[PDB]
Structures are given as C-alpha cells and as structure tokens.
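Structure data (mmCIF, C-alpha atoms) from model_25.cif:
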data_upload
#
loop_
_atom_site.label_atom_id
_atom_site.label_comp_id
_atom_site.auth_asym_id
_atom_site.auth_seq_id
_atom_site.Cartn_x
_atom_site.Cartn_y
_atom_site.Cartn_z
CA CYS W 1 0.00 0.00 0.00
CA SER W 2 1.79 3.17 1.21
CA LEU W 3 2.99 5.01 -2.05
CA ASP W 4 -0.16 6.71 -3.49
CA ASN W 5 -1.96 4.64 -0.92
CA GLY W 6 -2.35 1.63 -3.35
CA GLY W 7 -3.99 2.69 -6.64
CA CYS W 8 -7.41 2.52 -5.03
CA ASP W 9 -9.90 5.18 -4.17
CA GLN W 10 -9.95 4.57 -0.40
CA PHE W 11 -9.12 1.42 1.74
CA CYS W 12 -5.92 -0.72 1.44
CA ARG W 13 -4.38 -3.88 2.96
CA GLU W 14 -1.17 -5.87 2.36
CA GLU W 15 -2.29 -9.40 1.27
CA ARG W 16 0.91 -11.40 1.25
CA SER W 17 2.65 -9.07 -1.31
CA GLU W 18 -0.21 -7.38 -3.06
CA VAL W 19 -2.38 -4.41 -1.88
CA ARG W 20 -6.07 -5.38 -1.42
CA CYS W 21 -8.02 -2.29 -1.78
CA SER W 22 -11.67 -2.22 -0.81
CA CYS W 23 -14.42 0.46 -0.37
CA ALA W 24 -16.61 1.89 2.36
CA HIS W 25 -20.26 1.09 2.82
CA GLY W 26 -22.17 1.18 -0.35
CA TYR W 27 -19.39 1.62 -2.80
CA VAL W 28 -18.80 -1.26 -5.22
CA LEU W 29 -15.10 -1.75 -6.30
CA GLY W 30 -14.34 -1.53 -10.01
CA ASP W 31 -13.31 -4.42 -12.33
CA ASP W 32 -9.81 -2.97 -11.75
CA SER W 33 -9.54 -3.82 -7.96
CA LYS W 34 -9.16 -0.06 -7.40
CA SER W 35 -12.16 2.29 -7.78
CA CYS W 36 -15.29 2.35 -5.51
CA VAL W 37 -18.44 3.44 -7.42
CA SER W 38 -21.09 5.41 -5.61
CA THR W 39 -24.06 3.38 -4.59
CA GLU W 40 -26.55 5.68 -3.05
CA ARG W 41 -27.42 9.18 -4.48
CA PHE W 42 -26.19 11.05 -1.34
CA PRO W 43 -23.37 8.74 -0.01
CA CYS W 44 -20.91 8.84 2.88
CA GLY W 45 -18.27 11.45 2.90
CA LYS W 46 -19.42 13.56 0.02
CA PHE W 47 -20.95 16.99 0.41
CA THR W 48 -22.07 19.23 -2.46
CA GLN W 49 -24.59 19.68 -5.32
CA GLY W 50 -24.69 18.98 -9.07
CA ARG W 51 -21.96 19.20 -11.51
CA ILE L 1 -16.22 26.25 17.69
CA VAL L 2 -13.87 29.15 18.58
CA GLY L 3 -12.36 30.36 15.19
CA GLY L 4 -12.83 28.89 11.67
CA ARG L 5 -15.49 29.82 9.05
CA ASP L 6 -19.19 29.15 8.98
CA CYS L 7 -20.08 26.06 6.80
CA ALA L 8 -21.65 26.89 3.45
CA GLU L 9 -24.36 24.77 1.65
CA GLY L 10 -23.03 21.41 0.77
CA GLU L 11 -20.36 21.63 3.41
CA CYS L 12 -21.12 19.80 6.65
CA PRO L 13 -24.07 17.38 5.81
CA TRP L 14 -23.24 14.77 8.43
CA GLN L 15 -23.94 16.98 11.44
CA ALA L 16 -26.68 16.61 14.09
CA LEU L 17 -27.69 19.17 16.64
CA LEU L 18 -28.96 17.23 19.67
CA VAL L 19 -31.51 19.84 20.84
CA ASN L 20 -33.34 19.73 24.20
CA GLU L 21 -36.82 20.07 25.90
CA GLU L 22 -37.66 23.43 24.35
CA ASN L 23 -35.46 24.64 21.41
CA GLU L 24 -31.81 24.92 22.49
CA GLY L 25 -28.93 22.78 21.22
CA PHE L 26 -26.46 21.41 23.71
CA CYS L 27 -24.33 18.84 21.97
CA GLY L 28 -23.49 17.49 18.58
CA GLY L 29 -23.51 14.28 16.65
CA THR L 30 -22.65 12.83 13.28
CA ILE L 31 -25.30 11.23 10.99
CA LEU L 32 -23.92 7.75 10.66
CA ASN L 33 -26.73 6.36 8.55
CA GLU L 34 -30.45 6.97 8.48
CA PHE L 35 -31.17 5.44 11.86
CA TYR L 36 -28.24 6.22 14.11
CA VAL L 37 -26.47 9.45 15.21
CA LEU L 38 -22.94 9.15 16.81
CA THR L 39 -22.12 11.27 19.92
CA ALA L 40 -20.06 11.60 23.14
CA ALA L 41 -21.51 9.73 26.17
CA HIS L 42 -21.07 12.74 28.48
CA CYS L 43 -23.74 14.72 26.48
CA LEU L 44 -26.31 12.42 27.94
CA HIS L 45 -26.41 14.33 31.22
CA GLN L 46 -27.35 17.95 30.17
CA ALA L 47 -30.64 17.16 28.61
CA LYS L 48 -33.96 15.73 29.09
CA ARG L 49 -35.32 15.64 25.50
CA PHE L 50 -32.36 15.14 23.07
CA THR L 51 -34.58 15.89 20.05
CA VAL L 52 -32.25 15.40 17.01
CA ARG L 53 -32.69 18.27 14.48
CA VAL L 54 -30.94 17.04 11.29
CA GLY L 55 -30.74 19.68 8.55
CA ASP L 56 -30.14 22.78 10.65
CA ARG L 57 -27.33 25.08 9.50
CA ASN L 58 -27.80 28.55 11.06
CA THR L 59 -30.10 28.15 14.13
CA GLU L 60 -31.68 31.56 14.50
CA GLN L 61 -33.28 31.42 11.12
CA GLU L 62 -35.39 28.38 12.18
CA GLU L 63 -36.86 27.93 8.66
CA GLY L 64 -37.57 24.88 6.54
CA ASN L 65 -34.75 22.62 5.59
CA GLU L 66 -34.08 21.19 9.06
CA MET L 67 -36.06 18.44 10.89
CA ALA L 68 -36.10 17.30 14.54
CA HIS L 69 -36.26 13.52 15.06
CA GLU L 70 -36.83 11.89 18.42
CA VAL L 71 -34.91 8.88 19.52
CA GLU L 72 -35.83 5.29 19.97
CA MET L 73 -32.68 4.14 21.96
CA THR L 74 -29.40 5.47 23.36
CA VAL L 75 -26.29 3.11 24.11
CA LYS L 76 -23.15 4.43 26.12
CA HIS L 77 -20.01 2.12 25.88
CA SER L 78 -19.84 0.28 29.29
CA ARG L 79 -16.43 1.36 30.31
CA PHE L 80 -17.42 5.08 29.94
CA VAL L 81 -15.68 6.34 33.01
CA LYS L 82 -17.70 9.55 33.79
CA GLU L 83 -15.15 12.19 35.15
CA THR L 84 -12.55 10.52 33.03
CA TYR L 85 -14.29 11.00 29.69
CA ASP L 86 -12.88 7.70 28.67
CA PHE L 87 -14.65 5.54 26.22
CA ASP L 88 -16.89 8.65 25.81
CA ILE L 89 -19.21 7.36 23.12
CA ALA L 90 -22.82 6.57 22.30
CA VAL L 91 -24.63 5.60 19.10
CA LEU L 92 -28.35 6.42 19.35
CA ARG L 93 -31.30 5.15 17.28
CA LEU L 94 -34.07 7.42 15.92
CA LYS L 95 -37.70 6.62 15.24
CA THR L 96 -37.80 8.38 11.92
CA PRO L 97 -35.14 7.84 9.30
CA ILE L 98 -33.14 10.40 7.58
CA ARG L 99 -34.12 11.28 4.00
CA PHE L 100 -30.83 12.69 3.11
CA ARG L 101 -31.16 15.82 1.03
CA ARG L 102 -29.37 19.18 0.75
CA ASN L 103 -27.30 19.31 3.84
CA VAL L 104 -27.95 15.68 4.96
CA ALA L 105 -25.66 12.73 3.76
CA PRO L 106 -23.88 10.13 6.02
CA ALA L 107 -20.23 10.19 7.08
CA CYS L 108 -18.08 7.09 6.40
CA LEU L 109 -16.49 5.11 9.12
CA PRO L 110 -12.97 3.88 8.18
CA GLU L 111 -11.54 0.46 9.07
CA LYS L 112 -8.90 0.43 11.82
CA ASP L 113 -5.63 -0.16 10.01
CA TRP L 114 -6.02 2.12 6.96
CA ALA L 115 -7.27 4.71 9.48
CA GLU L 116 -4.08 4.96 11.67
CA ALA L 117 -1.69 4.53 8.79
CA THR L 118 -3.25 6.72 6.14
CA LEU L 119 -5.87 8.91 7.66
CA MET L 120 -4.69 9.98 11.06
CA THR L 121 -1.25 10.64 9.69
CA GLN L 122 -2.80 13.38 7.66
CA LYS L 123 -2.13 16.92 8.69
CA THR L 124 -5.57 18.22 9.56
CA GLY L 125 -9.17 17.13 10.25
CA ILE L 126 -12.50 19.03 10.19
CA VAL L 127 -14.55 19.47 13.34
CA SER L 128 -17.99 21.24 13.43
CA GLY L 129 -20.89 22.47 15.56
CA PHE L 130 -22.97 25.40 16.73
CA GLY L 131 -21.19 25.57 20.15
CA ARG L 132 -19.60 28.62 21.74
CA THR L 133 -17.74 31.00 19.65
CA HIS L 134 -15.42 31.86 22.59
CA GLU L 135 -15.08 30.35 26.15
CA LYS L 136 -16.72 33.03 28.29
CA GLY L 137 -19.00 33.89 25.34
CA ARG L 138 -22.07 32.26 23.76
CA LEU L 139 -23.37 29.95 21.25
CA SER L 140 -23.21 30.24 17.56
CA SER L 141 -26.52 30.17 15.94
CA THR L 142 -24.43 29.12 12.87
CA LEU L 143 -22.79 25.74 11.96
CA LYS L 144 -19.10 26.48 11.79
CA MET L 145 -16.28 24.25 10.60
CA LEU L 146 -12.77 24.20 11.85
CA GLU L 147 -9.96 22.68 10.02
CA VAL L 148 -7.53 21.53 12.81
CA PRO L 149 -4.12 19.86 12.81
CA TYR L 150 -3.51 16.55 14.53
CA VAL L 151 -0.97 16.96 17.28
CA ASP L 152 1.42 14.27 18.56
CA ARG L 153 0.45 12.12 21.45
CA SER L 154 3.75 12.62 23.32
CA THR L 155 3.36 16.34 23.06
CA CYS L 156 -0.36 16.68 24.06
CA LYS L 157 0.18 14.35 27.08
CA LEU L 158 2.27 16.93 28.89
CA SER L 159 -0.15 19.58 28.02
CA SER L 160 -3.08 18.11 29.92
CA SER L 161 -3.89 18.17 33.62
CA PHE L 162 -6.26 15.32 33.13
CA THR L 163 -5.40 11.86 31.87
CA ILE L 164 -5.26 11.47 28.10
CA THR L 165 -6.06 7.72 27.97
CA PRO L 166 -5.25 5.17 25.06
CA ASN L 167 -8.68 6.20 23.65
CA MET L 168 -7.93 9.82 22.96
CA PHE L 169 -6.04 12.14 20.62
CA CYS L 170 -5.79 15.95 20.76
CA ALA L 171 -5.77 18.42 17.88
CA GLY L 172 -5.54 22.14 17.29
CA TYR L 173 -3.34 25.08 17.88
CA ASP L 174 -1.58 25.73 21.18
CA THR L 175 -0.96 29.48 20.67
CA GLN L 176 -3.25 30.10 17.61
CA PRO L 177 -6.79 31.52 18.40
CA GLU L 178 -9.09 28.58 17.19
CA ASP L 179 -10.51 25.49 19.02
CA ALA L 180 -13.62 23.32 19.46
CA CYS L 181 -15.83 24.57 22.35
CA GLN L 182 -18.80 24.35 24.72
CA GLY L 183 -21.80 22.67 23.14
CA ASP L 184 -19.76 21.19 20.25
CA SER L 185 -19.19 17.91 22.18
CA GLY L 186 -20.05 14.91 20.09
CA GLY L 187 -19.92 16.78 16.75
CA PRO L 188 -17.95 15.21 13.90
CA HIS L 189 -14.19 14.97 13.33
CA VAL L 190 -13.85 14.03 9.66
CA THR L 191 -10.74 13.42 7.60
CA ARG L 192 -10.96 13.56 3.83
CA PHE L 193 -8.93 11.17 1.92
CA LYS L 194 -9.30 12.25 -1.81
CA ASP L 195 -12.92 13.23 -1.65
CA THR L 196 -14.47 10.86 0.72
CA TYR L 197 -14.51 12.14 4.28
CA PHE L 198 -14.25 9.56 7.04
CA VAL L 199 -15.03 9.93 10.76
CA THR L 200 -11.82 10.02 12.77
CA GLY L 201 -13.23 11.26 16.07
CA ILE L 202 -16.05 12.46 18.27
CA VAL L 203 -15.45 15.88 19.98
CA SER L 204 -14.65 14.84 23.58
CA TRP L 205 -13.41 17.57 26.02
CA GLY L 206 -11.15 20.57 26.79
CA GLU L 207 -9.82 22.79 29.63
CA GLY L 208 -11.65 26.06 28.74
CA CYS L 209 -11.62 26.97 25.03
CA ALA L 210 -8.84 28.17 22.55
CA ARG L 211 -6.63 28.04 25.56
CA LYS L 212 -2.94 28.70 25.78
CA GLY L 213 -0.60 25.80 25.53
CA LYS L 214 -3.70 23.77 25.12
CA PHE L 215 -5.08 21.63 22.36
CA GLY L 216 -8.63 20.22 21.94
CA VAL L 217 -9.21 16.51 22.94
CA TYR L 218 -11.32 14.09 20.75
CA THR L 219 -12.57 10.44 21.12
CA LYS L 220 -10.45 8.32 18.73
CA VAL L 221 -13.15 6.49 16.71
CA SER L 222 -10.65 3.97 15.11
CA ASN L 223 -10.28 2.49 18.61
CA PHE L 224 -14.07 2.41 18.79
CA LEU L 225 -15.01 0.64 15.52
CA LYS L 226 -16.40 -2.80 16.26
CA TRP L 227 -18.36 -1.40 19.24
CA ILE L 228 -20.25 1.07 16.97
CA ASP L 229 -21.09 -1.75 14.51
CA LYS L 230 -22.12 -4.38 17.10
CA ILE L 231 -24.52 -1.76 18.47
CA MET L 232 -25.32 -1.01 14.77
CA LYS L 233 -27.55 -4.03 14.73
CA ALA L 234 -28.29 -4.85 18.39
CA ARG L 235 -28.88 -1.50 19.94
CA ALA L 236 -30.13 -1.45 23.64
CA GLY L 237 -27.73 -2.63 26.27
CA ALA L 238 -24.09 -1.74 26.03
CA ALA L 239 -22.38 -5.14 25.49
CA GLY L 240 -18.97 -6.59 26.55
CA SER L 241 -18.24 -2.93 26.93
CA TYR G 1 -16.52 20.48 26.51
CA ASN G 2 -15.07 22.69 29.04
CA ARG G 3 -13.89 20.35 31.75
CA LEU G 4 -13.21 23.25 34.05
CA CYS G 5 -16.82 23.65 34.83
CA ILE G 6 -17.18 20.42 37.02
CA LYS G 7 -16.01 17.56 39.36
CA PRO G 8 -19.30 16.27 39.83
CA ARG G 9 -20.10 14.68 43.29
CA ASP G 10 -18.49 17.11 45.81
CA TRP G 11 -14.89 16.09 46.49
CA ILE G 12 -14.41 16.59 50.47
CA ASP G 13 -12.34 19.70 50.63
CA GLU G 14 -12.37 21.76 53.70
CA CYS G 15 -8.85 22.87 52.94
CA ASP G 16 -8.10 26.45 53.85
CA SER G 17 -5.20 28.34 52.01
CA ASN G 18 -3.64 27.45 55.38
CA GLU G 19 -4.09 23.83 54.27
CA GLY G 20 -3.38 24.48 50.62
CA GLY G 21 -6.84 24.49 49.23
CA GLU G 22 -7.36 26.47 46.09
CA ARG G 23 -10.54 28.40 45.75
CA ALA G 24 -12.38 27.55 42.55
CA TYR G 25 -15.88 28.11 41.28
CA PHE G 26 -17.15 25.10 39.73
CA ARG G 27 -20.65 25.37 38.51
CA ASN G 28 -23.32 24.52 41.09
CA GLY G 29 -26.70 22.97 40.75
CA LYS G 30 -28.09 25.02 37.92
CA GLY G 31 -28.41 28.76 38.00
CA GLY G 32 -24.81 29.71 38.77
CA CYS G 33 -21.35 28.88 40.10
CA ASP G 34 -20.24 27.69 43.65
CA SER G 35 -16.80 28.21 45.45
CA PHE G 36 -14.92 25.19 46.75
CA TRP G 37 -11.48 24.99 48.52
CA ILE G 38 -9.81 22.30 46.61
CA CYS G 39 -7.59 20.16 48.75
CA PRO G 40 -3.99 19.63 47.76
CA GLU G 41 -4.29 15.87 47.30
CA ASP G 42 -7.28 16.36 44.99
CA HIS G 43 -5.72 19.26 43.07
CA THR G 44 -5.31 18.15 39.41
CA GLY G 45 -3.56 21.39 38.75
CA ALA G 46 -5.96 22.59 36.13
CA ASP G 47 -6.30 26.33 35.48
CA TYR G 48 -9.79 26.51 37.31
CA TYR G 49 -12.19 29.51 37.47
CA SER G 50 -10.93 32.04 39.85
CA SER G 51 -14.21 33.80 40.18
CA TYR G 52 -17.95 33.99 39.90
CA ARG G 53 -17.75 36.40 36.93
CA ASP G 54 -15.63 34.25 34.63
CA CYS G 55 -17.05 30.96 35.66
CA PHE G 56 -20.75 31.95 35.26
CA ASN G 57 -20.21 33.52 31.73
CA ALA G 58 -17.94 30.64 31.04
CA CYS G 59 -19.90 27.74 32.41
CA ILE G 60 -23.43 29.25 32.36
#
Can I see the file as structure tokens?
Amino acid sequence: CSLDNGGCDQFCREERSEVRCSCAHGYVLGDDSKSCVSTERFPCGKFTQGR
Amino acid sequence: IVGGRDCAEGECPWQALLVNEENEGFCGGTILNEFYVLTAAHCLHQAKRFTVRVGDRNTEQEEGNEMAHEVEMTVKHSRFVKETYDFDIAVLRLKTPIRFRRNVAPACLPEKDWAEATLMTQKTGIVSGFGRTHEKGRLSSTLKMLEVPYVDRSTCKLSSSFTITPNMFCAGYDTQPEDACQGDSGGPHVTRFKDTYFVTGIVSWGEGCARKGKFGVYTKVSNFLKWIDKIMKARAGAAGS
Amino acid sequence: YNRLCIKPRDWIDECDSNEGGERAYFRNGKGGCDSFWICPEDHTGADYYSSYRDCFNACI
C-alpha cells in the first residue's frame, strides 16, 4: 500500500505481497480492484450539489 | 467552535444538533446512517429531551430545511468512566429515518488499520458544531467548521492536567486563536482522503476553550469501531463494553 | 466540553489556604457557580475559574 496509498480510491491492505483495496459502505469496487463506485445518491463522505 | 469559518451549503451534511426540551442545542452528533447518530456519552447528562434536528445550518433562522427527530434508543459504551471522559461514546437510534437531502448525507467510518496509517497521519481534520464562539462567550446560531491539525500524542500528554487515555487524541493550535468549544461535544471529526470524508473522532473535552498551551481533545473512533457496529444491529444494552 | 466547569459529586475539601486548598468556582446545581477549597491531594492542577464572573459567563 503506502505510495499513493495503493492505486485505489480509499481502503488498502497488504495481502501477502499485493495491496487489497476495498471500499466503504455502499461503494462497489471496479473491475480494476481499485475504484469504488457510488451506490446511493447522497453517499458517505461527500458533500455538495450537481456538476 | 472558537475560530474557523461558517459552513456553506453542501459543506457539513453529516452533522446533528442534539436539541433539548424546548429549542436549544447542547451537543453534537454525526449522521452515521439513516437510523443512528454518533455522539459523546457525556452529552447524555445535560438534557432531558435530546430531540435530534438534522438539517439545521444557522439556528436563528429556524426555517424549513431542518427536521427534529426523536430517539428510539441510546447506548453508552460500558467502560465510559464519567469524570474521566474515557470511552466517551454513544450511538443512538431514531424513530424516523433520515431522508438525506441538501445538507444531509452520512459520514463514512474507516476500518482500523487504513485509518491509523493513512488517515490519522494526515495533517488536519474538520470538526464542526454550533457551540460557543469563545469560552466566556455564547453559542453560535451558525454551523461552523474548523480545520484543525492533529498533534502528537507525546506532546499533548504533557499539556493536559487530566489523563489522556489510550482512547484519545488531541488536535488544534496551542498558541493560535481557534478550538472546538462548549456545546460542540459529540460533533464530527472528519478526515478527507481524496474526496471521501471519514469519521476520525467524536469531539470529547477541553480545559476552557482556545486556551494557551492547550489543544482540543477528541474520542479516537478507530479504537471504537467494532463497538459502533455491534450496536449497529443490536442496539439497547451496552455489550462486553 | 469545558472540563473546568465540574467535578461532579463534591470532592471533600475543607482545605483552607492554610491547608493548601485552592478556591475555585465550579458550577453549582443550575443557575450559577459555587466556590470550593480544593484540597492539595485532589488538586489536578488545572487552570480553574478564579471567580464567579468568569465561571458563570464561562460555564453558564
């Protein structure tokens, strides 16, 4: 993990050698293993309006 | 909050003013989800009704946007040592869920290791509330945000008269004029990591406000994670702790 | 927040400045502040409220 946290949009773990990124509640990771897509409409740790 | 700007629209949507038996606020919380507000367990001692107004930004102007909820259940971590302010936490359930909207969205809870390593090694955190705008001076009828730097444990130990316990971290300014304050207890400490903000603390306590040589002390939520979540499904009795 | 406003039970302190009690005004039972003569042994050493004015405006 550590340098640029791990290529992932939020969480990261060291799984034997590799970094196993995950996401917070209601974010689904991307087919990368890195991004966490917003599942809700107003989700956790986001603030503002539209666009 | 002594110092630091008012919060604009958008800004602090994971706040909660725990209001009382008539219409004054006395402590703060974080929206964790649409049924539970997070707060400091010492707050539950200055109230009778703790009517949760979620949506309120600038008190005075008590016009439509806000919404008071009442509570269905409060839980204080059993180990909360009362004039110790240790394990100073409560998640409380509400009867009426939160339809998030403008100025209402939840704040994310981290997971313990990424939290110490990545998040709490960041320079600053954001704390908010309507509490006192100076120590010997009264309450902001405005939700204010203060960006505040994490201090080092070793340093803020010396600085206190009271015991900083494993469960605590301080943050703020020493000489600079800005701190958390009276009636901000419970209100959120969030850390953004690249546009997700996470909850790193609860506002716990202080010796006065914006004090000299003195930093503000918060409840380290990393250390509190599984507790929150246990309670997250079985509310009621405090359990194990 | 302000931990200077309390120590909430009554500690035991009939300690004169002869004994080394500090006078402090902790808030009393709603309305306003008290006056207590904080015994040496019990003294945490916190910068407590010297007075009624600046203790009431501070803690009430």
Quick one: contact table of chain W to chain L, 8 Å max, nearest atom pair and distance in Å to one decimal per residue, counting all atoms listed in the file, chain and number order, as a tab-separated table?
residue	atom	partner	partner_atom	distance
W:2	CA	L:118	CA	7.9
W:5	CA	L:118	CA	7.5
W:9	CA	L:194	CA	7.5
W:10	CA	L:193	CA	7.1
W:11	CA	L:114	CA	6.1
W:12	CA	L:114	CA	6.2
W:13	CA	L:114	CA	7.4
W:24	CA	L:108	CA	6.7
W:25	CA	L:108	CA	7.3
W:42	CA	L:105	CA	5.4
W:43	CA	L:105	CA	5.9
W:44	CA	L:107	CA	4.5
W:45	CA	L:197	CA	4.1
W:46	CA	L:196	CA	5.7
W:47	CA	L:10	CA	4.9
W:48	CA	L:10	CA	4.0
W:49	CA	L:10	CA	6.5
Now that the selection is made, can you save its residues with C-alpha atoms as an mmCIF file, in the frame of the given file?
data_model
loop_
_atom_site.group_PDB
_atom_site.id
_atom_site.type_symbol
_atom_site.label_atom_id
_atom_site.label_comp_id
_atom_site.auth_asym_id
_atom_site.auth_seq_id
_atom_site.Cartn_x
_atom_site.Cartn_y
_atom_site.Cartn_z
ATOM 1 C CA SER W 2 1.790 3.170 1.210
ATOM 2 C CA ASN W 5 -1.960 4.640 -0.920
ATOM 3 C CA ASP W 9 -9.900 5.180 -4.170
ATOM 4 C CA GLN W 10 -9.950 4.570 -0.400
ATOM 5 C CA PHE W 11 -9.120 1.420 1.740
ATOM 6 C CA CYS W 12 -5.920 -0.720 1.440
ATOM 7 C CA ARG W 13 -4.380 -3.880 2.960
ATOM 8 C CA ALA W 24 -16.610 1.890 2.360
ATOM 9 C CA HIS W 25 -20.260 1.090 2.820
ATOM 10 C CA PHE W 42 -26.190 11.050 -1.340
ATOM 11 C CA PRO W 43 -23.370 8.740 -0.010
ATOM 12 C CA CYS W 44 -20.910 8.840 2.880
ATOM 13 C CA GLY W 45 -18.270 11.450 2.900
ATOM 14 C CA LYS W 46 -19.420 13.560 0.020
ATOM 15 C CA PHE W 47 -20.950 16.990 0.410
ATOM 16 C CA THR W 48 -22.070 19.230 -2.460
ATOM 17 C CA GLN W 49 -24.590 19.680 -5.320
#
Would you write out, as a PyMOL selection string, every residue that the PyMOL selection byres ((chain L and resi 229) around 12) captures in this file?
chain L and resi 32-33+36+38+75+90-92+109-111+221-222+224-228+230-235+238-239
Result set of the PyMOL selection byres ((chain L and resi 152-159) around 9) on the coordinates above, as a PDB file with C-alpha atoms, keeping the file's coordinate frame:
ATOM      1  CA  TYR L 150      -3.510  16.550  14.530  1.00  0.00           C
ATOM      2  CA  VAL L 151      -0.970  16.960  17.280  1.00  0.00           C
ATOM      3  CA  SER L 160      -3.080  18.110  29.920  1.00  0.00           C
ATOM      4  CA  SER L 161      -3.890  18.170  33.620  1.00  0.00           C
ATOM      5  CA  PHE L 162      -6.260  15.320  33.130  1.00  0.00           C
ATOM      6  CA  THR L 163      -5.400  11.860  31.870  1.00  0.00           C
ATOM      7  CA  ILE L 164      -5.260  11.470  28.100  1.00  0.00           C
ATOM      8  CA  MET L 168      -7.930   9.820  22.960  1.00  0.00           C
ATOM      9  CA  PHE L 169      -6.040  12.140  20.620  1.00  0.00           C
ATOM     10  CA  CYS L 170      -5.790  15.950  20.760  1.00  0.00           C
ATOM     11  CA  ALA L 171      -5.770  18.420  17.880  1.00  0.00           C
ATOM     12  CA  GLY L 213      -0.600  25.800  25.530  1.00  0.00           C
ATOM     13  CA  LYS L 214      -3.700  23.770  25.120  1.00  0.00           C
ATOM     14  CA  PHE L 215      -5.080  21.630  22.360  1.00  0.00           C
ATOM     15  CA  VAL L 217      -9.210  16.510  22.940  1.00  0.00           C
TER      16      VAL L 217
END
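Using only C-alpha atoms, the shortest contact distance between residue 8 (chain G) and any of L:59, L:210, L:45, L:70 is found at L:45.
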With a distance cut-off of 10 Å and all atoms listed in the file, select the neighbouring residues of residue 20 (chain W), excluding the residue or stretch itself and same-chain residues fewer than 6 positions from it, and output the selection as a PyMOL selection string.
chain W and resi 1+6-8+11-14+33-34
